[PDB]
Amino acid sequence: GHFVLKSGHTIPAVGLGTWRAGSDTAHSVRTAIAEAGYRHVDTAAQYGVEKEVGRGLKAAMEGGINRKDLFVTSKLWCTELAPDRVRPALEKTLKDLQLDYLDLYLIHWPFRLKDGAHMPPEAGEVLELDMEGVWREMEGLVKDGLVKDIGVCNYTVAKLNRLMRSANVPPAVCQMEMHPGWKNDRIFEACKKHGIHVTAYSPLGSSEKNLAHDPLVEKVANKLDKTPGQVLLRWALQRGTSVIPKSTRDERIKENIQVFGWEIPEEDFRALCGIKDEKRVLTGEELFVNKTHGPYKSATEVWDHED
């Protein structure tokens, strides 16, 4: 039901994702925790939904559920990736969530954006990132008790090596896009060697490339008398990642956490692993790539040509 971080803190295996939950965010959060038994919520300042997450968490805790039994993650956005911007960003996140600490605070992307950056970015709008300086400030959040664990999202092997060479407190978690068709075994192996837990974002393929109607997924679902979503999520647990599926529909929220006490047989697991690693749903191109002027002229540069 949970994974153990190097700090000894536990992370629930299934959490609720909140990107694009919109005006249904607060309801979704409360349903997940109070009805469906979720103990993990994944959000971010950049999602625009943190105030609503705060309302949902507050409602969910009104019936006695303790704060210590919940695991809440937020993320530091690209515009705030400078040492002196870390704390104001965290303060606003905590205020919006109506919380006093986070369980997990993640670098959302290892790229610094100028204020008012465009999409795609104009010349000059992707700034130099002081990764070491930002991480040092984040380590101070842990020392002060404002964050129980810190980590990253959307890294490469090269960037993880850079971070591990400077970090006094290594990243607890590396949150990456993972699903059939984008396994990123390369990052998963790097994290395993460095003792970093992986959380799979977009575990269903996101909205863009949702896998619930993929024929192999459907066959396995049929064979096991489970939903396609359950198959996709159980597959991830069997690989050893946590998962943060997003839904704003009550029935899916409830279904999506029913991935315990049954298993996908090895031959079916292998067939799902066999789906080729096409391309990622979230490339980062529209955030960081300027094709005419750089410094990142193509998506492959965002991923250090490891993709």
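Numbering starts at 1 and follows the sequence shown.
Practice task
Between 85-93 and 207-215, name whichever shows the higher mean Cα B factor according to the PDB entry.
Solution key: Looking at the recorded C-alpha B-factors, 207-215 comes out higher on average.
Practice task
Could you check the entry and say whether 48-56 or 259-267 has the higher mean CA B-factor?
Solution key: Per the PDB entry, the higher value belongs to 259-267.
Practice task
Name the one of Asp103, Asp115, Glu177, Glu139 with the greatest CA B-factor according to the PDB entry.
Solution key: Comparing C-alpha B-factors across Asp103, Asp115, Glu177, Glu139, the maximum falls on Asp115.
Handout entry: Candidate set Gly195, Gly133, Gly229, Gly145 [ranked by C-alpha B-factor, highest]
Key = Spelled out: the listed residue with the top C-alpha B-factor is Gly195.
Problem - Third of chain Cα B-factors occupied by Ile275 - result: As the PDB entry reports it, the C-alpha B-factor of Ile275 lands in the highest third of its chain.
Handout entry: Third assignment of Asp250 from its chain's C-alpha B-factors
Key = Middle third - that is where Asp250 ends up once the chain's C-alpha B-factors are sorted.
Practice task
Sorting the chain's modelled residues by C-alpha B-factor, tell me whether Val243 ends up in the lowest, middle or highest third.
Solution key: Lowest third, going by the recorded CA B-factors of the chain.
Handout entry: Cα B factor band for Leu129 (lowest, middle or highest third within the chain)
Key = Answer is highest: the recorded C-alpha B-factor places it there.
Handout entry: Third assignment of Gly151 from its chain's C-alpha B-factors
Key = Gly151: CA B-factor falls in the lowest third of its chain.
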